[PDB]
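Visitor: Shown below is the structure under consideration.
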């Protein structure tokens, strides 16, 4: 028997299910983690931390 | 012990900020080599 | 002209009493009925800007 509980502490076990694949260079609609929008997707040089 | 939360992960200067921002507790940090 | 445009563009970041400054958030969080009051605040704010 597995028990599930939810408290005020941040949950360390997390992660959504599989989603549709990626496309690049085309004009597209997109949704990243709920960030809905429209544009062109490419690689970037951006030095994100 | 009435436990409620648990977690597990002189030329050196280490710097930190501890912020109990009412809504949950934040940590920020840095490490740098420095003069004495 | 740069001070005018970099004010006109930056006013897109303002809430005007809506739930968010970004219209896609409203449309992706709310069904059209409850959204229309929020969108009308952004329309009035961006239009007056």
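Residue numbers (the deposited numbering), protein chains in the order written: chain A, 512 to 560; chain B, 164 to 172, 186 to 212; chain C, 955 to 1003.
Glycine included, every Cβ here is placed at the ideal spot set by N, Cα and C.
#1: Would you say residue 520 of chain A faces chain B, with C-beta separation under 8 Å as the test?
#2: Tell me which same chain residues have a C-beta within less than 8 Å of the C-beta of residue 960 of chain C, skipping the five on either side of it?
#3: Please classify residue 972 of chain C: is it buried, with 16 or more other beta-carbons within 10 angstroms of its beta-carbon, or exposed?
#4: Any beta-carbon of chain C closer than 8 Å to the one on residue 531 of chain A?
#5: Give the DSSP bridge partners of residue 550 of chain A, in chain order.
#6: With 16 as the cutoff for other CB atoms within 10 Å, does residue 980 of chain C come out buried or exposed?
#7: Return the CA-CA distance between residue 526 of chain A and residue 544 of chain A, expressed in angstroms with no decimal places.
Guide: Looking at the atomic coordinates:
#1: yes
#2: none
#3: buried
#4: At a cut-off of 8 Å between beta-carbon atoms, residue 531 of chain A makes no contact with chain C.
#5: A:539
#6: buried
#7: 11 Å
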